[PDB]
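Observations on the three-dimensional arrangement
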Amino acid sequence: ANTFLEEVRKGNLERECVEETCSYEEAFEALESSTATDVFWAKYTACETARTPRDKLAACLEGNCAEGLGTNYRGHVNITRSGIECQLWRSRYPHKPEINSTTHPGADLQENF
Amino acid sequence: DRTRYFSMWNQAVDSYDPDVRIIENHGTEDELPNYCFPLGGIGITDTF
Ligand SMILES: [Ca+2]
Ligand SMILES: [Ca+2]
Ligand SMILES: [Ca+2]
Ligand SMILES: [Ca+2]
Ligand SMILES: [Ca+2]
Ligand SMILES: [Ca+2]
């Protein structure tokens, strides 16, 4: 955002929307891949507490750790705290989830992760 | 005469500049700004 003459130089997704509080416009401009754009947005949002420092935002981009209540987690662990198998979020077996893939598509709902 | 130069005996007087021995200072007319623009014509630009 700062260093006004940045909009004439080429840019770095990391030298605009990472090491600096950025516009989703410059984010949109730099991303275009609107799926990953939503991903980066989701990042930003969850990383709202990971805005600083820089390496914290880098880790929040890695996504292996759940931020706060766990909106950002994108790992491969699909097991409950006590070893019970996780039911498919979209499937109705054995429970029909009021809160499921249709209601939360932006969390990247995997098989049972 | 002595102003004129003859190029045979190197006959050419040596005189200073009358505006350097005495500096008649007057400032400089600069009522208008002299700006310098971008090369393309527009700098910053957005998207629409
Ligand atoms: Ca900037
Ligand atoms: Ca900027
Ligand atoms: Ca900078
Ligand atoms: Ca731009
Ligand atoms: Ca930019
Ligand atoms: Ca950097």
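Here the numbering of residues is sequential along each chain, from 1 in written sequence order, and it may depart from the entry's numbering. Residues without coordinates do not appear. A letter from A marks each chain and a number from 1 marks each ligand, given out in the order of writing. What you see is a piece of a larger assembly; the numbers all apply to this piece alone. The basis for every side-chain value is the complete set of non-hydrogen atoms in the structure, without hydrogens or water. Residues with missing side-chain atoms are left out of burial classes, side-chain pairs and their counts.

Listed as the method for this PDB entry is cryo-EM; the listed resolution is 3.7 Å.

For chain B, the name recorded in the PDB entry is Hexon protein, with Human adenovirus 6 as its organism.

Named according to the PDB entry, chain A is Prothrombin originating from Homo sapiens.

1. Observations regarding the coordination of the calcium ion (ligand 1)
Ideal donor angles around a metal are set by the shape: a four-donor tetrahedron calls for 109.5 degrees, a six-donor octahedron for 90 or 180 degrees. Residue and element names in this part refer to chain A. The donor set comprises N, O and S atoms within 2.8 Å of the metal, extended to 3.2 Å for Na, K and Ca; water molecules are omitted, so apparent gaps in a site may simply reflect that omission. At the metal site, the calcium ion (ligand 1) is ligated by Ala1 (N), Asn2 (N) and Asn2 (O), and these contacts range over 2.4 to 3.2 Å. Here the calcium ion (ligand 2) and the calcium ion (ligand 1) are spaced 3.2 Å from one another, each receiving a donor from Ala1. This pair shows no difference in class: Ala1 is exposed, exactly as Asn2 is. For the exposure calls, accessible area comes from a 1.4 Å probe over protein chains only, and a residue counts as buried if that area is under 20% of its type's maximum, exposed if over 50%, partly exposed in between.

2. Concerning unusual backbone geometry
Residue and element names in this part refer to chain A. Cis geometry is found at the peptide bond from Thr52 to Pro53, where omega equals -5 degrees. Only runs of H or I of at least four residues qualify as helices and only runs of E of at least two qualify as strands under DSSP, and these elements are numbered from the N terminus. Note on placement: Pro53 falls in the loop between α3 (34-46) and α4 (54-62). The phi dihedral of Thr3 falls on the positive side, at around 55 degrees, and the residue is not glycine. Here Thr3 is to be found in the segment before α1 (13-16). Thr3 sits in the exposed class, given a relative accessible area of 55%. Even without being a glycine, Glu32 presents a positive backbone phi close to 55 degrees. Residue placement: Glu32 occurs in the loop between α2 (24-31) and α3.

3. Re the environment of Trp9 of chain B
Tracing the chain through its elements places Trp9 of chain B in the segment before α1 (18-21). Residues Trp9 of chain B and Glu31 of chain B, spaced 22 residues apart in sequence, show a C-alpha to C-alpha distance of 51 Å.

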